[PDB]
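Before any comments, here is the structure.
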Amino acid sequence: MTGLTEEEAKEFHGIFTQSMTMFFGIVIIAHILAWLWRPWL
Amino acid sequence: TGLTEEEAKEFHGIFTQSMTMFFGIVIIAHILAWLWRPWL
Amino acid sequence: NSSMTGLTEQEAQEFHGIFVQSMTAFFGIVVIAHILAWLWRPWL
Amino acid sequence: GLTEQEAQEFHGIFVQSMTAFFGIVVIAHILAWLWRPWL
Amino acid sequence: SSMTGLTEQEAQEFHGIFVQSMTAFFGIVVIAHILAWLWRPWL
Amino acid sequence: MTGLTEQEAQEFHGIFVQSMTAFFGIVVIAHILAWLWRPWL
Amino acid sequence: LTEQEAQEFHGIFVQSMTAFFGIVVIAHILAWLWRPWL
Amino acid sequence: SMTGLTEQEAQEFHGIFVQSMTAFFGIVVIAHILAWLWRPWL
Amino acid sequence: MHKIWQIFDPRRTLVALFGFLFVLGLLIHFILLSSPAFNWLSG
Amino acid sequence: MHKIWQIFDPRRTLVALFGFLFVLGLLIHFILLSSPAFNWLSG
Amino acid sequence: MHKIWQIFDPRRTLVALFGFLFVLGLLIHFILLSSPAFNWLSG
Amino acid sequence: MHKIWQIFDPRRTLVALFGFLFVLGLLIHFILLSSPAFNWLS
Amino acid sequence: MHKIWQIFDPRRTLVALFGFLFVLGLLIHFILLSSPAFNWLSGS
Amino acid sequence: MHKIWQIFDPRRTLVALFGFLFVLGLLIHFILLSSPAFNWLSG
Amino acid sequence: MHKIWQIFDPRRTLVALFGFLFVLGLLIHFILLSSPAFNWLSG
Amino acid sequence: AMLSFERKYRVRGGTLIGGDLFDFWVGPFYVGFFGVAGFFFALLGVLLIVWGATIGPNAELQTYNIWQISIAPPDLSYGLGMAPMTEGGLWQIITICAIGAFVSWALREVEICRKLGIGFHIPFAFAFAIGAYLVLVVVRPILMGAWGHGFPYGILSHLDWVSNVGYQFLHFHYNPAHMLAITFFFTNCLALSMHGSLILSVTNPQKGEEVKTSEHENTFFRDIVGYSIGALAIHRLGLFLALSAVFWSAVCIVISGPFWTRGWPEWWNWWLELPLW
Amino acid sequence: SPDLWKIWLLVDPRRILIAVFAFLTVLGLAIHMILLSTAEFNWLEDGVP
Amino acid sequence: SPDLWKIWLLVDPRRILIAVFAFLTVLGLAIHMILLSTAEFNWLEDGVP
Amino acid sequence: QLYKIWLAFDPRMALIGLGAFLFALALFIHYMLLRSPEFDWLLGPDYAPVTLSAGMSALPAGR
Amino acid sequence: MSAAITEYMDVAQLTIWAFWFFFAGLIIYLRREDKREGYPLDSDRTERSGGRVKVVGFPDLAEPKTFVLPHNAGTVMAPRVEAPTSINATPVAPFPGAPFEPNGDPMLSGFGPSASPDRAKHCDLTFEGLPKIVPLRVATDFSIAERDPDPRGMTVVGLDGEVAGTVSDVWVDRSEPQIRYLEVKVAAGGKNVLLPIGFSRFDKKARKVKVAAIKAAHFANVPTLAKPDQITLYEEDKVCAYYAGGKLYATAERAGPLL
Ligand code: BCL
Ligand code: BCL
Ligand code: BCL
Ligand code: BCL
Ligand code: BCL
Ligand code: BCL
Ligand SMILES: CC[C@H]1c2cc3[nH]c4c(c3C)C(=O)[C@H](C(=O)OC)c4c3nc(cc4[nH]c(cc(n2)[C@@H]1C)c(C(C)=O)c4C)[C@@H](C)[C@@H]3CCC(=O)OC/C=C(\C)CCC[C@H](C)CCC[C@H](C)CCCC(C)C
Ligand SMILES: CCCCCCCCCCCCO[C@@H]1O[C@H](CO)[C@@H](O[C@H]2O[C@H](CO)[C@@H](O)[C@H](O)[C@H]2O)[C@H](O)[C@H]1O
Ligand SMILES: CCCCCCCCCCCCO[C@@H]1O[C@H](CO)[C@@H](O[C@H]2O[C@H](CO)[C@@H](O)[C@H](O)[C@H]2O)[C@H](O)[C@H]1O
Ligand SMILES: [Ca+2]
Ligand SMILES: [Ca+2]
């Protein structure tokens, strides 16, 4: 047990995914831009 | 010892599915890698 | 019960507002600097 | 510190896991042999 | 209390003197950079 | 609070700026003589 | 340290400082005559 | 009094201290005079 | 996102963030100075 | 054979055995890579 | 901004700030002294 | 600015300031000595 | 002969034996790999 | 300036003072000896 | 000046002074022997 | 954050310089006057090393490879004067910062010792390591007459300096003080392994046994080598061995070039030419 | 899994976020440094434009 | 095996999650390093494209 | 009234401190003169450096 | 097999990388061992969080190991939960990291250099179960070496030079024969107090024991022993800590700074 309430786990997980996909989306755009700049394969 | 029986079963459900998702992505990456540059 | 940091709801909102305003100003200055850097010497 | 009954269950799974792990190993060695025999 | 033991009044009073000291320091810096640019531009 | 009661601090500050401005004036004279000796700009 | 011992020490300390300073200035005058540096 | 000493020995210790100082510096003065005549460094 | 400050102490976060940013700023400037193509003090 | 686990702890044996097997697999793979007749990463 | 002194205590923060500024000031002068185009002591 | 002495103790600050000023003066003299155009002992 | 393990602990003796057997097996395999006449990974 | 001797201990201040002057005197003599144009022990 | 023996131990200082002079006499002889201009055992 | 037993020890005072001005903690660290001085001595020296790596020996050879970064001392032709920043002057500045940081660290340790009311053995022991560094970059270069005799600041480059200095005497193993210092280094490592083993084997005994005693400790090495130095004395010995190793290492390098210019094996000719043989 | 949220009952989110942020920062620095260390992908030394 | 789930009764699942993620990250980093070290599979210094 | 130094410094430590300092300083200055070839008296009063002829060099080429 | 793993990778490069992974695990192991005492940390982070955030750093704490004490003295767990202890001091300033000023007489505050934990109220035992630290009057087989002076009878002198008492007995360690304490008959009161050998500087010529830690007057307040012929581990810490407090508290100038 991590000291967190069970509702906090649901609420943290939702925000964690939103921040993770937002980070992942910026990464994917960066790699598309990087691929257009200089493809490596 | 610690985790009970029911949550032990449930943990396996997400463990097996998430690991299977990782394995499937690995297979796709290796299929792509083989088409890119086969090693055998 | 207190949260994991002791900040209340209003305190966390109050810090977050100043944090994002400070972040926005820092990032805005950063964007201006990079535009000036690009005009001076494009790197790509 | 581990009683006999839970010992009976553990050995069955361990043998199954060992047999499952062994089977993958046998196929890999067969495939390796076809790819490049060593003996 | 606060993380630092400073009240609302004390922090605001310190911030005022901090900011004017910061502004005077920045003002000299800006003049220094203007003089430096006149002496030898770098960009 | 260091125990300086806003009047001792004011009284010390007066002597501090006075000595500091004396030091700064001596420094300014030295830099003028240094510039007359070998200008650096 | 009482204020009376502060008066005594300051007089001697200032006197010794001034004597050391005066000897230093004489040395720098002689050094300048020997070999000017500026 | 922090050295565990009185007002008498300190006075006579000082007088001997300068008396030894004067002789030691006098030998130093003569040594430097002879050294300068032998080989001046300036 | 203001709830990140209910899990992370703002004081320690700001110390870590300000320190990382200062090191990052030094690092990027140093990298540019090490490249003759971008050293702005070469002439 | 099932009664082995009386003395040997099931839990510590698994991590010890898995760790042993893993470094054994690394060693065998690396030995083959060191062999020009079995290195699969060359031309 | 004046709440920051309820987060960062003036005594420790000012010591860190002044030293970091002085070291930063020293570093930039040393960088310029190392750069032949901007060494003002080169003659 | 007189209130800075209510944050930093003056008698302690003077010692710290003396060391900083002396160490800075030492550094500048050394930097000038490292520069042939401003080395005054050449 | 059935009177061997009343003194030697089963766990300790197996642990010492298993480590020794692996080391001997590793050593012999490495010696053969080091001998050109018995190297099975050399190509012939 | 006169009551400084109550703030600063005369015994410890002097020990620090003479030690500083000795090191400073040693350093300047060392600097002159290191300077070829002011080395009085050469020819 | 006889009071110097109330300060310093006559027994310890005589051993120290005899020890110090003896070493001083040794080193000077060894230095002279190591100097060709003063070595008296060479011809 | 402090240890769970530490708060009752965080007392005011015990400073050498500064009094209450810098008498505080930053996280686990005690700062004091020499924490402020030491930190910004180290910070400046570290940044100058990074700057020294940024310009490199020249623009062609400049590298950020951590093994290859090297800030080199001046050429020997600069003597004991100051060199230009890109020609060894940066090394001279970093050396000054390093001395400032090392000494401040030792003096900060003294203030901590005063706060805790313990012996000053640790700062005293650290002074030996500082003294060895001072011998390498100050005492020996001054005796030789040039700052260029100091070792370069680089993870691998200072090994090339050690290698070449050693071969300036054709066989450095024959240096007598070097032999003595290595003996102390090797013995210290042996003593450390023995002391670490004995404490661990007594407080973590075989399973089913209680914690052993100091009687066991004395008996164990009496049973092995016939002598036990004792629980207190092993720490005297460990400190003595480590400090003697560094002292004799400092002696060995300071006699290599200032007080001996020949090959080191030739130094033993005093023994070979004894008239007994 | 729709019950993947249960990971935050087992692992400490505060320590996990610190670990992932530290890992991601180091990884981002490492990849950039590796790219700059190659002739082909060093965007500062490539001479383009 | 109908009772593979019993692995989570003896060893803490939280430790496995971190250990597996840490181990896989290291294994992934190592394989990438090995491939980069090969002239055949180095995607940064091969000239393709 | 210059005794006050002896009310704040023990006669014994200062006298030993003075002797160690004076001996060390004298050794140091004596060594510095020996360091300088001009004041190296250990070379002898009638010391003459070796004459170099026919392209001789005392030292090998440097850098 | 061969030395070349790939065109670039070789066996030595693999071996050094293998060490780095082992070494990383070793450092993690050692740091976890380091944290068996004093963790979780006493932090403001925990205080504002109401105890909901335990400050352990990385790596986290290890599972408690068991120390079985000899002679049935008990069993201790190296990582153990310790009840918070109040401090007889107050912060000199309200910012984090500020030091505390002891309350009351600093020599009696039990704070700073005079602070000590409460150890077990049992004597350290020899291998045979006897108390380890005992006076010479009960350890009759022990004696002072002939070449060394007998501490008994020597005048005990405080930091100021004033006489503090006389040495009545010598307490010795019966496991490793050595002096650990000097029993002093205090000149003022007469009540016997212990003086650790670590705070005692012997003057063999003058037959004096010089204690720089505390003044002669401070000897009256040295913590006393319950039983006259033995000392518990708790009492040992109390006595030693009291003298240590004098290194900072006995004289006003000992607080510093020098200049
Ligand atoms: C050499 C030829 C190709 C290449 C061939 C391959 C092949 C073949 C594979 C990869 C795989 C990977 N490659 Mg690749 N790869 C190349 C060059 C790169 C470069 C680069 C800058 O050059 C980078 C950064 C990467 C990075 C990656 C990772 C995304 C991935 C392994 C991560 C891992 O260890 O997961 C382990 C650690 C974890 C934490 C996994 C967590 C598992 C979870 C439960 C499943 C869902 C993920 C969830 C959203 C959590 C996010 C974690 C994600 C893995 C990010 N590759 C070159 C161009 N690469 C592997 C892969 O696809 O794995 C996914 C793989 O099989
Ligand atoms: C280069 C030209 C000359 C030369 C130029 C000079 C000049 C110029 C001077 C000397 C001086 C001295 N020279 Mg000469 N000298 C030369 C060659 C030599 C040779 C040699 C064999 O080559 C020797 C042995 C000496 C020796 C000496 C000493 C007699 C004297 C240094 C005094 C001293 O050290 O007091 C320091 C040591 C003391 C013990 C002082 C005692 C005072 C204190 C208060 C006593 C305290 C006692 C207490 C117990 C402490 C004891 C010490 C500690 C326990 C360690 N010279 C060359 C040839 N020399 C100096 C002199 O004349 O001094 C009188 C001087 O000014
Ligand atoms: C081929 C080389 C290309 C290049 C190709 C790429 C590619 C491809 C990528 C980058 C990425 C990055 N590049 Mg780039 N990049 C180049 C040159 C540069 C230069 C330079 C001086 O030349 C710099 C400074 C950078 C810097 C960056 C960073 C902004 C970023 C990595 C961040 C990270 O590691 O986060 C890791 C650490 C954290 C995320 C911790 C921070 C926590 C934050 C605050 C979470 C906040 C939550 C928020 C609400 C939601 C998430 C949003 C995002 C965090 C913004 N690049 C050159 C020109 N670069 C990566 C990127 O876009 O990542 C976003 C990426 O995939
Ligand atoms: C190579 C081309 C240009 C150049 C291109 C760029 C580009 C592109 C950028 C910079 C940026 C910066 N450059 Mg530049 N820069 C050049 C040459 C220089 C020289 C020099 C002597 O040559 C110097 C000293 C600088 C210095 C700077 C800094 C002012 C700034 C990085 C600050 C930082 O890292 O904060 C990080 C450290 C902290 C945050 C710690 C501070 C903690 C304090 C107490 C809290 C402050 C936070 C505050 C509340 C909010 C911040 C923003 C505020 C609105 C001010 N540059 C060359 C000539 N430079 C960056 C910038 O503009 O950032 C604003 C940037 O993006
Ligand atoms: C040299 C010729 C071939 C090659 C020939 C072989 C041969 C021959 C073998 C392998 C094997 C392996 N190879 Mg290969 N392999 C090659 C190149 C590679 C490359 C690469 C990047 O080039 C990689 C990453 C691998 C990777 C692998 C691993 C997947 C595997 C060794 C795992 C191990 O060490 O177990 C140690 C770690 C463990 C044992 C931990 C336990 C993990 C598993 C999941 C245990 C589960 C038990 C059971 C299955 C549970 C389920 C039971 C059911 C529920 C009932 N090979 C080349 C191309 N390789 C071995 C193998 O097949 O093993 C599977 C093997 O015999
Ligand atoms: C380069 C041209 C000249 C030259 C140019 C100059 C110039 C210009 C000056 C000097 C000065 C000095 N020169 Mg010169 N000097 C030259 C060559 C020499 C040679 C030599 C053998 O070549 C020597 C030995 C000296 C020596 C001296 C000193 C007499 C004097 C510096 C004193 C000092 O620093 O006090 C500092 C130390 C103290 C005051 C105290 C020392 C005591 C100890 C060391 C400190 C310990 C602390 C102590 C225990 C405190 C106790 C408390 C008290 C008991 C109360 N010079 C060359 C030939 N020289 C300076 C001077 O004249 O000053 C009087 C000066 O300005
Ligand atoms: C004398 C016996 C041995 C010893 C003892 C010793 N060392 C000590 C101590 C003691 C008692 C401490 O108390 C002190 C300490 O706190 O240790 C944890 C310390 C210490 N010994 C250290 C290192 C160290 N000791 C070494 C050796 C030894 N230390 C001896 C063998 C070595 C060797 C042999 O190489 C090293 C590297 C530190 C961990 C620490 C002192 C930390 C310190 O001074 O911190 C302040 C300075 C900085 C944080 C950075 C300063 C950076 C500079 C400004 C620039 C760089 C200059 C440098 C010359 C670069 C050179 C680089 C190249 C050589 C690669
Ligand atoms: C360095 C570690 C910390 C030690 C602190 C002291 C650092 C050095 C002390 C400063 C001494 C400076 O002394 C100064 O040095 C320079 C450089 O040699 C000398 O310069 C002289 O030699 C250099 C090279 O040897 C020649 O290029 C130059 O033509 C000549 O004038 C100056 O004549 C001298 O005045
Ligand atoms: C944890 C780290 C694990 C690392 C991997 C461990 C397994 C690798 C073991 C390597 C053992 C090397 O063993 C020895 O290598 C050398 C050097 O190539 C070989 O030497 C041979 O190959 C070289 C290279 O082509 C040629 O000069 C020649 O054919 C011959 O000398 C020996 O035939 C081999 O017996
Ligand atoms: Ca480009
Ligand atoms: Ca490619």
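We name chains A, B, ... following the order of the structure tokens; residues begin at 1 in each chain, and ligands are numbered from 1 as shown.
Taken over all Cα atoms in order, the superposition of chain K onto chain J returns an RMSD of 0.6 Å.
Every residue of chain I that lies within 10 Å of chain E is listed here, counting only C-alpha atoms: residues 11, 40, 41, 42 and 43 of chain I.
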What would the file look like if the residues just selected were written as a tab-separated table (two decimals), in the first residue's frame with C-alpha atoms?
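Below you can see part_29.tsv, which holds the result:
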```tsv
chain	number	residue	atom	x	y	z
I	11	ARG	CA	9.78	23.90	-2.76
I	40	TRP	CA	29.76	33.59	-31.30
I	41	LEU	CA	33.02	34.84	-29.75
I	42	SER	CA	35.10	33.85	-32.80
I	43	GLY	CA	35.35	37.35	-34.21
```
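Selecting chain G residues within 12 Å of chain H and counting only C-alpha atoms yields residues 30, 31, 33, 34 and 35 of chain G.
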Save out the residues we just selected, C-alpha atoms, as a CSV table (one decimal), in the first residue's frame.
```csv
chain,number,residue,atom,x,y,z
G,30,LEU,CA,63.9,52.6,-2.5
G,31,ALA,CA,62.5,49.9,-4.7
G,33,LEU,CA,64.7,54.0,-7.2
G,34,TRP,CA,66.2,50.6,-7.7
G,35,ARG,CA,63.8,49.4,-10.4
```
Counting only C-alpha atoms, chain C residues within 12 Å of chain E, as JSON, numbers by chain: {"C": [5, 6, 7, 11, 36, 37, 39, 40, 41]}
Chain fit, chain Q moved to chain R over all Cα pairs in order, as a compact mmCIF listing (two decimals) with N, CA and C atoms, in the first residue's frame:
```txt
# COMPACT_ATOMS: atom_id res chain seq x y z
N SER Q 1 0.25 -23.41 -16.82
CA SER Q 1 -0.66 -23.92 -15.80
C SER Q 1 -1.80 -22.94 -15.55
N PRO Q 2 -3.01 -23.47 -15.33
CA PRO Q 2 -4.12 -22.59 -14.93
C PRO Q 2 -3.97 -22.07 -13.52
N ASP Q 3 -3.02 -22.59 -12.75
CA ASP Q 3 -2.68 -22.05 -11.44
C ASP Q 3 -1.32 -21.37 -11.45
N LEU Q 4 -0.95 -20.75 -12.57
CA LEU Q 4 0.26 -19.93 -12.63
C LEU Q 4 0.07 -18.60 -11.92
N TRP Q 5 -1.19 -18.20 -11.69
CA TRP Q 5 -1.49 -17.00 -10.92
C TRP Q 5 -0.96 -17.07 -9.50
N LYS Q 6 -0.66 -18.27 -9.00
CA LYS Q 6 -0.21 -18.43 -7.62
C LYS Q 6 1.18 -17.87 -7.40
N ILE Q 7 1.89 -17.48 -8.47
CA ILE Q 7 3.21 -16.88 -8.31
C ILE Q 7 3.11 -15.55 -7.57
N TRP Q 8 1.96 -14.88 -7.64
CA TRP Q 8 1.80 -13.59 -7.00
C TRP Q 8 1.42 -13.71 -5.53
N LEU Q 9 1.25 -14.92 -5.02
CA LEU Q 9 1.20 -15.15 -3.58
C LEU Q 9 2.57 -15.38 -2.97
N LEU Q 10 3.56 -15.76 -3.78
CA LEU Q 10 4.92 -16.01 -3.30
C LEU Q 10 5.85 -14.83 -3.53
N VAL Q 11 5.85 -14.27 -4.74
CA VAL Q 11 6.73 -13.15 -5.08
C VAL Q 11 5.95 -11.85 -4.97
N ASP Q 12 6.65 -10.80 -4.56
CA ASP Q 12 6.03 -9.48 -4.45
C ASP Q 12 5.86 -8.89 -5.84
N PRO Q 13 4.63 -8.65 -6.30
CA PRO Q 13 4.45 -8.11 -7.66
C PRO Q 13 5.10 -6.76 -7.85
N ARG Q 14 5.08 -5.92 -6.82
CA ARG Q 14 5.67 -4.59 -6.92
C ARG Q 14 7.17 -4.66 -7.19
N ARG Q 15 7.88 -5.50 -6.42
CA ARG Q 15 9.32 -5.63 -6.62
C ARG Q 15 9.64 -6.38 -7.90
N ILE Q 16 8.79 -7.33 -8.28
CA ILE Q 16 9.02 -8.08 -9.52
C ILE Q 16 8.87 -7.17 -10.73
N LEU Q 17 7.84 -6.32 -10.74
CA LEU Q 17 7.65 -5.39 -11.85
C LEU Q 17 8.80 -4.40 -11.94
N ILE Q 18 9.27 -3.90 -10.80
CA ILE Q 18 10.42 -2.99 -10.81
C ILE Q 18 11.64 -3.69 -11.39
N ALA Q 19 11.86 -4.94 -10.98
CA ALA Q 19 13.01 -5.68 -11.48
C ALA Q 19 12.90 -5.96 -12.97
N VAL Q 20 11.73 -6.38 -13.44
CA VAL Q 20 11.59 -6.71 -14.85
C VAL Q 20 11.68 -5.45 -15.71
N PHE Q 21 11.09 -4.35 -15.25
CA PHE Q 21 11.17 -3.11 -16.01
C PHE Q 21 12.61 -2.60 -16.09
N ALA Q 22 13.34 -2.67 -14.97
CA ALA Q 22 14.75 -2.31 -14.98
C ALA Q 22 15.55 -3.25 -15.87
N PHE Q 23 15.30 -4.55 -15.77
CA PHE Q 23 16.01 -5.50 -16.62
C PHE Q 23 15.70 -5.26 -18.09
N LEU Q 24 14.42 -5.06 -18.42
CA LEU Q 24 14.05 -4.86 -19.81
C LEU Q 24 14.64 -3.57 -20.37
N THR Q 25 14.61 -2.49 -19.59
CA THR Q 25 15.18 -1.23 -20.05
C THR Q 25 16.68 -1.37 -20.31
N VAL Q 26 17.40 -2.00 -19.38
CA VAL Q 26 18.84 -2.18 -19.56
C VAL Q 26 19.11 -3.07 -20.76
N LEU Q 27 18.34 -4.15 -20.90
CA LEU Q 27 18.52 -5.05 -22.03
C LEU Q 27 18.24 -4.35 -23.36
N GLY Q 28 17.18 -3.54 -23.41
CA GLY Q 28 16.90 -2.80 -24.63
C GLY Q 28 17.98 -1.80 -24.97
N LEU Q 29 18.50 -1.10 -23.95
CA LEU Q 29 19.63 -0.21 -24.18
C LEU Q 29 20.86 -0.99 -24.62
N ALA Q 30 21.13 -2.13 -23.99
CA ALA Q 30 22.32 -2.90 -24.32
C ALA Q 30 22.27 -3.41 -25.75
N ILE Q 31 21.11 -3.92 -26.19
CA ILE Q 31 21.01 -4.45 -27.55
C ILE Q 31 21.17 -3.33 -28.57
N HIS Q 32 20.52 -2.19 -28.34
CA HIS Q 32 20.66 -1.05 -29.24
C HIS Q 32 22.11 -0.59 -29.30
N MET Q 33 22.77 -0.50 -28.14
CA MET Q 33 24.17 -0.08 -28.10
C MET Q 33 25.07 -1.09 -28.81
N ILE Q 34 24.79 -2.38 -28.64
CA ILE Q 34 25.56 -3.40 -29.33
C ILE Q 34 25.36 -3.29 -30.84
N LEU Q 35 24.11 -3.10 -31.27
CA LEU Q 35 23.83 -2.96 -32.69
C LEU Q 35 24.52 -1.74 -33.28
N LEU Q 36 24.47 -0.61 -32.58
CA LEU Q 36 25.17 0.58 -33.04
C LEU Q 36 26.68 0.39 -33.04
N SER Q 37 27.20 -0.53 -32.23
CA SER Q 37 28.63 -0.77 -32.17
C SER Q 37 29.14 -1.66 -33.30
N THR Q 38 28.26 -2.23 -34.11
CA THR Q 38 28.66 -3.04 -35.25
C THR Q 38 28.55 -2.22 -36.52
N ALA Q 39 29.45 -2.48 -37.46
CA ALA Q 39 29.39 -1.80 -38.75
C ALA Q 39 28.13 -2.17 -39.52
N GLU Q 40 27.67 -3.41 -39.39
CA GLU Q 40 26.61 -3.92 -40.25
C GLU Q 40 25.24 -3.38 -39.85
N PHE Q 41 24.96 -3.26 -38.55
CA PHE Q 41 23.62 -2.92 -38.09
C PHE Q 41 23.52 -1.51 -37.51
N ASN Q 42 24.57 -0.71 -37.57
CA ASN Q 42 24.46 0.69 -37.15
C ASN Q 42 23.65 1.43 -38.20
N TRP Q 43 22.38 1.70 -37.89
CA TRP Q 43 21.48 2.34 -38.84
C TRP Q 43 21.75 3.83 -39.01
N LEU Q 44 22.60 4.42 -38.18
CA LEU Q 44 22.95 5.82 -38.34
C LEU Q 44 24.17 6.02 -39.23
N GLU Q 45 25.14 5.12 -39.16
CA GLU Q 45 26.37 5.22 -39.95
C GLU Q 45 26.34 4.41 -41.23
N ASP Q 46 25.26 3.68 -41.52
CA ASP Q 46 25.27 2.82 -42.70
C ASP Q 46 25.16 3.60 -44.00
N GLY Q 47 24.82 4.88 -43.95
CA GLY Q 47 24.73 5.67 -45.16
C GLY Q 47 23.50 5.40 -45.99
N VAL Q 48 22.54 4.65 -45.47
CA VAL Q 48 21.30 4.32 -46.17
C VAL Q 48 20.17 5.05 -45.46
N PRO Q 49 19.42 5.93 -46.14
CA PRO Q 49 19.51 6.22 -47.58
C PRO Q 49 20.65 7.17 -47.93
```
Exercise answer, 7 Å around ligand 4 with only C-alpha atoms and all ligand atoms, as an NGL selection string: (:C and (22-23 or 25-27 or 29-31 or 33-34 or 37)) or (:E and (43)) or (:I and (18-19 or 21-22 or 24-26 or 29 or 32 or 38 or 40)) or (:K and (28))
Test item: residues no farther than 12 Å from ligand 9, counting only C-alpha atoms and all ligand atoms, as a PyMOL selection string: (chain J and resi 22-37) or (chain M and resi 26+29-39+41-43) or (chain T and resi 1-7+9-22)
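When the distance limit is 12 Å and only C-alpha atoms are what count, the residues near residue 179 of chain P, minus those fewer than 2 positions from it on the same chain, are residues 172, 173, 174, 175, 176, 177, 181, 182, 183, 184, 185, 186, 245, 248, 249, 251, 252, 253, 264 and 265 of chain P.
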